[PDB]
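Trainee: One structure coming up, written as structure tokens, with questions to follow.
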Amino acid sequence: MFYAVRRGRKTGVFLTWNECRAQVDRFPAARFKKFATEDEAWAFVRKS
Amino acid sequence: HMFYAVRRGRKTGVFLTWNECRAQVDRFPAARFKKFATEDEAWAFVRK
Amino acid sequence: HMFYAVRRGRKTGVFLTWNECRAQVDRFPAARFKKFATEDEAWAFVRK
RNA sequence: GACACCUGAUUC
DNA sequence: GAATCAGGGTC
Ligand SMILES: [Mg+2]
Ligand SMILES: [Mg+2]
């Protein structure tokens with residue numbers, strides 16, 4: 001799966017929940033979502 | 001299949017997306033809302 | 001659907017619904033309650 | 001079920 | 001500020 005963080009410490013797409021969570025855990029109002037394709041993860045990122 | 005029943009909020013009723021329901025219950029005192037899988041169940045919550 | 005343990009409240013004990021638990025702790029000074037997976041854990045909290 | 005976070009109620 | 005509960009991305 002591809003982890004999209006559109007809002008967090010460090011935005012971008014990540015390949016693991018482990019790295020994804022470092023950006024969003026304890027970060028107020030973090031916006032993230034996992035996807036099956038890189039293309040979708042990136043679309044999410046760019047929607048802000 | 002996402003139905004958000006707003007029993008207590010800016011506007012009461014059933015909504016199809018969380019963003020919609022959120023705008024009626026966020027920062028609203030004693031807001032009462034719940035998400036259901038079927039429109040029917042959402043109305044019950046709203047009319048009870 | 002868990003077990004609501006009320007250590008301090010109008011009536012203490014273990015309740016099965018938030019409503020019943022709520023009726024005992026809401027606006028009760030110094031109310032102490034928590035939900036547990038089992039009844040045993042719950043009655044454990046009631047006696048501390 | 002758990003974790004994080006948002007909002008609300010109550011209590012301290 | 002904190003806790004408990006209620007309603008609403010990830011594991
Ligand atoms: Mg990565
Ligand atoms: Mg709508």
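Ligands are numbered from 1 in the order shown, residues from 1 within each chain, and chains are lettered A, B, ... in the order they appear in the structure tokens.
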Using every Cα, in order, as the fitting set, what is the least-squares RMSD of chain B against chain C?
Mentor: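 0.8 Å is the C-alpha RMSD between the two chains.
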Trainee: Would you name the residues within 12 Å of ligand 2, counting only C-alpha atoms (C1' of nucleotides) and all ligand atoms, and put them as a PDB file with N, CA, C and O atoms, in the first residue's frame?
Mentor:
```pdb
ATOM      1  N   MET B   2     -22.969   5.662   3.125  1.00  0.00           N
ATOM      2  CA  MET B   2     -22.655   6.375   4.341  1.00  0.00           C
ATOM      3  C   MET B   2     -23.767   7.376   4.630  1.00  0.00           C
ATOM      4  O   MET B   2     -24.016   8.304   3.859  1.00  0.00           O
ATOM      5  N   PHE B   3     -24.463   7.153   5.736  1.00  0.00           N
ATOM      6  CA  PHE B   3     -25.540   8.035   6.133  1.00  0.00           C
ATOM      7  C   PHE B   3     -25.234   8.654   7.494  1.00  0.00           C
ATOM      8  O   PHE B   3     -25.012   7.938   8.478  1.00  0.00           O
ATOM      9  N   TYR B   4     -25.187   9.980   7.552  1.00  0.00           N
ATOM     10  CA  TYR B   4     -24.876  10.617   8.832  1.00  0.00           C
ATOM     11  C   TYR B   4     -26.107  11.295   9.369  1.00  0.00           C
ATOM     12  O   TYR B   4     -26.593  12.271   8.818  1.00  0.00           O
ATOM     13  N   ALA B   5     -26.622  10.749  10.456  1.00  0.00           N
ATOM     14  CA  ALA B   5     -27.810  11.313  11.053  1.00  0.00           C
ATOM     15  C   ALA B   5     -27.432  12.429  12.015  1.00  0.00           C
ATOM     16  O   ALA B   5     -26.622  12.236  12.896  1.00  0.00           O
ATOM     17  N   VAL B   6     -28.018  13.604  11.830  1.00  0.00           N
ATOM     18  CA  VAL B   6     -27.756  14.723  12.725  1.00  0.00           C
ATOM     19  C   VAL B   6     -29.013  14.990  13.553  1.00  0.00           C
ATOM     20  O   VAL B   6     -29.913  15.707  13.125  1.00  0.00           O
ATOM     21  N   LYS B  11     -28.147  21.905  11.751  1.00  0.00           N
ATOM     22  CA  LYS B  11     -29.277  21.462  10.981  1.00  0.00           C
ATOM     23  C   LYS B  11     -29.383  19.977  11.305  1.00  0.00           C
ATOM     24  O   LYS B  11     -28.361  19.266  11.360  1.00  0.00           O
ATOM     25  N   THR B  12     -30.609  19.538  11.575  1.00  0.00           N
ATOM     26  CA  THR B  12     -30.904  18.139  11.876  1.00  0.00           C
ATOM     27  C   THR B  12     -31.170  17.429  10.519  1.00  0.00           C
ATOM     28  O   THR B  12     -31.439  18.079   9.528  1.00  0.00           O
ATOM     29  N   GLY B  13     -31.077  16.108  10.461  1.00  0.00           N
ATOM     30  CA  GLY B  13     -31.343  15.452   9.199  1.00  0.00           C
ATOM     31  C   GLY B  13     -30.352  14.369   8.859  1.00  0.00           C
ATOM     32  O   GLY B  13     -29.616  13.888   9.730  1.00  0.00           O
ATOM     33  N   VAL B  14     -30.334  13.966   7.591  1.00  0.00           N
ATOM     34  CA  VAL B  14     -29.410  12.932   7.175  1.00  0.00           C
ATOM     35  C   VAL B  14     -28.481  13.527   6.134  1.00  0.00           C
ATOM     36  O   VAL B  14     -28.906  14.283   5.267  1.00  0.00           O
ATOM     37  N   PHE B  15     -27.203  13.207   6.255  1.00  0.00           N
ATOM     38  CA  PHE B  15     -26.202  13.707   5.332  1.00  0.00           C
ATOM     39  C   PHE B  15     -25.428  12.527   4.770  1.00  0.00           C
ATOM     40  O   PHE B  15     -25.310  11.491   5.416  1.00  0.00           O
ATOM     41  N   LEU B  16     -24.906  12.698   3.566  1.00  0.00           N
ATOM     42  CA  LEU B  16     -24.171  11.653   2.874  1.00  0.00           C
ATOM     43  C   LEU B  16     -22.658  11.675   3.010  1.00  0.00           C
ATOM     44  O   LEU B  16     -21.997  10.723   2.612  1.00  0.00           O
ATOM     45  N   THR B  17     -22.097  12.755   3.526  1.00  0.00           N
ATOM     46  CA  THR B  17     -20.641  12.819   3.660  1.00  0.00           C
ATOM     47  C   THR B  17     -20.284  13.381   5.007  1.00  0.00           C
ATOM     48  O   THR B  17     -21.017  14.206   5.564  1.00  0.00           O
ATOM     49  N   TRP B  18     -19.156  12.942   5.531  1.00  0.00           N
ATOM     50  CA  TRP B  18     -18.714  13.433   6.816  1.00  0.00           C
ATOM     51  C   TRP B  18     -18.443  14.933   6.816  1.00  0.00           C
ATOM     52  O   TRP B  18     -18.695  15.579   7.815  1.00  0.00           O
ATOM     53  N   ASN B  19     -17.931  15.496   5.715  1.00  0.00           N
ATOM     54  CA  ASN B  19     -17.653  16.933   5.675  1.00  0.00           C
ATOM     55  C   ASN B  19     -18.958  17.700   5.927  1.00  0.00           C
ATOM     56  O   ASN B  19     -18.964  18.695   6.659  1.00  0.00           O
ATOM     57  N   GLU B  20     -20.053  17.242   5.317  1.00  0.00           N
ATOM     58  CA  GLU B  20     -21.366  17.873   5.496  1.00  0.00           C
ATOM     59  C   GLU B  20     -21.859  17.814   6.932  1.00  0.00           C
ATOM     60  O   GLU B  20     -22.244  18.820   7.511  1.00  0.00           O
ATOM     61  N   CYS B  21     -21.854  16.616   7.492  1.00  0.00           N
ATOM     62  CA  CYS B  21     -22.283  16.393   8.863  1.00  0.00           C
ATOM     63  C   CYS B  21     -21.383  17.181   9.824  1.00  0.00           C
ATOM     64  O   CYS B  21     -21.840  17.802  10.793  1.00  0.00           O
ATOM     65  N   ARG B  22     -20.091  17.150   9.541  1.00  0.00           N
ATOM     66  CA  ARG B  22     -19.136  17.848  10.372  1.00  0.00           C
ATOM     67  C   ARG B  22     -19.448  19.340  10.494  1.00  0.00           C
ATOM     68  O   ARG B  22     -19.372  19.911  11.575  1.00  0.00           O
ATOM     69  N   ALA B  23     -19.815  19.972   9.388  1.00  0.00           N
ATOM     70  CA  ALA B  23     -20.116  21.399   9.418  1.00  0.00           C
ATOM     71  C   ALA B  23     -21.350  21.726  10.247  1.00  0.00           C
ATOM     72  O   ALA B  23     -21.546  22.880  10.610  1.00  0.00           O
ATOM     73  N   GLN B  24     -22.180  20.726  10.554  1.00  0.00           N
ATOM     74  CA  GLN B  24     -23.372  20.975  11.380  1.00  0.00           C
ATOM     75  C   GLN B  24     -23.109  20.665  12.865  1.00  0.00           C
ATOM     76  O   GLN B  24     -23.768  21.220  13.747  1.00  0.00           O
TER      77      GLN B  24
END
```
Trainee: Throw together the list of residues within 9 Å of ligand 1, counting only C-alpha atoms (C1' of nucleotides) and all ligand atoms, and drop it here as a VMD selection string.
Mentor: chain A and resid 2 to 3 12 to 20
Trainee: Distance cut-off 12 Å, counting only C-alpha atoms (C1' of nucleotides) - which residues of chain C neighbour chain D? Return them as an NGL selection string.
Mentor: :C and (1-2 or 8-9 or 22-33 or 36-37)
Trainee: For atom CA of residue 32 of chain A and atom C1' of residue 9 of chain E, quote the distance in Å rounded to one decimal.
Mentor: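 For atom CA of residue 32 of chain A relative to atom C1' of residue 9 of chain E, the distance reads 6.1 Å.
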Trainee: Identify, on the basis of only C-alpha atoms (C1' of nucleotides), every residue whose closest approach to residue 23 of chain A does not exceed 7 Å; exclude the query and any residue fewer than 3 positions from it along the same chain; express the result as a PyMOL selection string.
Mentor: chain A and resi 8-10+20
Trainee: Only residues of chain A matter here; which ones have an atom within 6 Å of chain D, counting only C-alpha atoms (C1' of nucleotides)? Give them as a list in words.
Mentor: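 The complete set of qualifying residues is residues 25, 26, 28 and 29 of chain A.
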Trainee: DSSP on the backbone, then: every residue of chain A marked strand (DSSP E), written as a ChimeraX atom specification.
Mentor: /A:2-7,12-14,31-35
Trainee: Write out as an mmCIF file with N, CA and C atoms, in the first residue's frame the set of residues from chain B that DSSP, computed on the backbone, places in alpha helix (DSSP H).
Mentor:
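Dumped to selection.cif:
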```cif
data_model
loop_
_atom_site.group_PDB
_atom_site.id
_atom_site.type_symbol
_atom_site.label_atom_id
_atom_site.label_comp_id
_atom_site.auth_asym_id
_atom_site.auth_seq_id
_atom_site.Cartn_x
_atom_site.Cartn_y
_atom_site.Cartn_z
ATOM 1 N N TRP B 18 -19.156 12.942 5.531
ATOM 2 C CA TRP B 18 -18.714 13.433 6.816
ATOM 3 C C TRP B 18 -18.443 14.933 6.816
ATOM 4 N N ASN B 19 -17.931 15.496 5.715
ATOM 5 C CA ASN B 19 -17.653 16.933 5.675
ATOM 6 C C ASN B 19 -18.958 17.700 5.927
ATOM 7 N N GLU B 20 -20.053 17.242 5.317
ATOM 8 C CA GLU B 20 -21.366 17.873 5.496
ATOM 9 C C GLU B 20 -21.859 17.814 6.932
ATOM 10 N N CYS B 21 -21.854 16.616 7.492
ATOM 11 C CA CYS B 21 -22.283 16.393 8.863
ATOM 12 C C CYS B 21 -21.383 17.181 9.824
ATOM 13 N N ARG B 22 -20.091 17.150 9.541
ATOM 14 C CA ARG B 22 -19.136 17.848 10.372
ATOM 15 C C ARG B 22 -19.448 19.340 10.494
ATOM 16 N N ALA B 23 -19.815 19.972 9.388
ATOM 17 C CA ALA B 23 -20.116 21.399 9.418
ATOM 18 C C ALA B 23 -21.350 21.726 10.247
ATOM 19 N N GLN B 24 -22.180 20.726 10.554
ATOM 20 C CA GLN B 24 -23.372 20.975 11.380
ATOM 21 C C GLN B 24 -23.109 20.665 12.865
ATOM 22 N N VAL B 25 -22.172 19.760 13.146
ATOM 23 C CA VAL B 25 -21.894 19.395 14.536
ATOM 24 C C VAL B 25 -20.587 19.849 15.183
ATOM 25 N N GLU B 39 -29.922 4.483 4.912
ATOM 26 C CA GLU B 39 -30.684 5.694 5.143
ATOM 27 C C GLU B 39 -31.786 5.521 6.172
ATOM 28 N N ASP B 40 -32.462 4.381 6.124
ATOM 29 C CA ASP B 40 -33.555 4.131 7.044
ATOM 30 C C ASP B 40 -33.132 4.316 8.493
ATOM 31 N N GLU B 41 -32.073 3.617 8.902
ATOM 32 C CA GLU B 41 -31.544 3.693 10.267
ATOM 33 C C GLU B 41 -31.133 5.100 10.700
ATOM 34 N N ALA B 42 -30.740 5.908 9.723
ATOM 35 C CA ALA B 42 -30.327 7.272 9.971
ATOM 36 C C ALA B 42 -31.535 8.107 10.362
ATOM 37 N N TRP B 43 -32.653 7.878 9.685
ATOM 38 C CA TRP B 43 -33.864 8.616 9.996
ATOM 39 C C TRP B 43 -34.409 8.266 11.356
ATOM 40 N N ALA B 44 -34.330 6.999 11.719
ATOM 41 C CA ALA B 44 -34.832 6.575 13.012
ATOM 42 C C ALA B 44 -34.120 7.389 14.089
ATOM 43 N N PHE B 45 -32.788 7.421 13.987
ATOM 44 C CA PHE B 45 -31.947 8.159 14.920
ATOM 45 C C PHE B 45 -32.369 9.612 14.963
ATOM 46 N N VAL B 46 -32.692 10.176 13.806
ATOM 47 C CA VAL B 46 -33.093 11.569 13.728
ATOM 48 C C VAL B 46 -34.532 11.879 14.172
ATOM 49 N N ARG B 47 -35.427 10.903 14.043
ATOM 50 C CA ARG B 47 -36.824 11.118 14.427
ATOM 51 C C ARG B 47 -37.174 10.608 15.823
#
```
Trainee: With chain E as the partner and 9 Å as the cut-off, tabulate the residues of chain A that qualify, each row holding the nearest pair of atoms and their distance in Å to one decimal, using only C-alpha atoms (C1' of nucleotides), sorted by chain and rising number, as a tab-separated table.
Mentor:
```
residue	atom	partner	partner_atom	distance
A:17	CA	E:10	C1'	7.6
A:21	CA	E:10	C1'	8.0
A:30	CA	E:9	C1'	8.4
A:31	CA	E:9	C1'	7.1
A:32	CA	E:9	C1'	6.1
A:33	CA	E:9	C1'	6.2
A:34	CA	E:10	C1'	8.3
```
Trainee: Please report the interatomic distance between atom CA of residue 1 of chain A and atom CA of residue 45 of chain A in Å with one decimal.
Mentor: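 Atom CA of residue 1 of chain A sits 14.8 Å away from atom CA of residue 45 of chain A.
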